[PDB]
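What follows is a single chain, given as C-alpha cells, in the form deposited in one PDB entry.
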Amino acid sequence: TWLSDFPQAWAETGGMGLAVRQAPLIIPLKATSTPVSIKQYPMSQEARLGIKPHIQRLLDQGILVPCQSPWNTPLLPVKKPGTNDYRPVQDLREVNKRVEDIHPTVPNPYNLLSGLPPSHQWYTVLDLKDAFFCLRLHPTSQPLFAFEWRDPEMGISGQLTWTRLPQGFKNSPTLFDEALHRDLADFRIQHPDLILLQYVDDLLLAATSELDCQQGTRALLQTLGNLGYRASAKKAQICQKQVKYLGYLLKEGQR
C-alpha cells in the first residue's frame, strides 16, 4: 500500500509540487545581454486548440501568469503522434545565449552508476514528476521567459511567463540537480547505509536487504513529499532486485 501510506509523495495524490525550502531562483545574464523580443510565428487553430488545455491548466496552477515583458520567445506546437495531443514547446535558444553559463554538475550516467557496489542489490527507482516546475523563479527573473498567448481575438491580452524553472532553459537540469542534492543532503546523513544516485529527476535508492530497501524507500518518499517534490506512482519500481534506471537494466550488479 505504498500509495496510501504516502499520499503527499505521489504526483497522483499530492498535487503539483513546490520545493518549499529552495529560495526563488535568480538567473544572472551575461554582462552584455539586452532583452530580445522574437515574434510569435502564426499558429494554426488545430495547434492552438491542442495546446490551450495545457496552458489553461498551467495558469490555474499559477505556473504561468500574465505579464508585460521586453523579452519574448516563440511557442511551438509539437505534435506527438499526429493531429491529436499537442504540447507547447518554447524555443528559448535566444534567451539561453544571453544567460551566463554555469558549470555543468550533472554526472554522466556511466560515472553515476560506478558508485553502485555489489553488496547493495535491492533497488527502488523513483521518477520525479514535473521536477523543474517544483523550483520557483524569482520575480526579477520571470520576465526573461515570456511568450505570447492569444485566445484568437480576445482574452489574455498578450504575454504569459513562468513562475517556475522552465523546460528548454539551458541551466534547468543542473539547477534542479543541485537543488535536490541540497534538499536530500540530510537524508543521506541519516541513512549512511543506503546508496542514493540522483540524475536530475531520476532517483535510484539501493539497499543491502529487502527490509532496508523498504524502510529506506518509506523514509525517502516521506522526505520528498515533505520537501515538496512529487514522484510518479505509475512509474515507480519499488524494492526490486531488477530495475530499469537511466536506460540500463540493473541486476546481479550488472549494467
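Start at 1 with the first residue shown and count on from there. Heads up, when I say rigid core I mean the largest set of C-alphas that superpose within 1.5 Å between the two forms. Residues that one form lacks are left out of the comparison.
The discussion below concerns the form deposited in another entry, not included here.
If you fit the rigid core between the shown form and the other one, you'll see the Cα of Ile156 move by 2 angstroms or more. Shown in the overlay between the shown form and the other one, fitted on the rigid core, is a CA shift at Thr140 smaller than 2 Å. Put the two forms on the same core and the Cα of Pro118 is off by less than 2 Å between the shown form and the other one. Moving regions between the shown form and the other one, defined as 3+ consecutive residues each with a CA shift of at least 2 Å after core superposition, lie at 82-84, 153-157.
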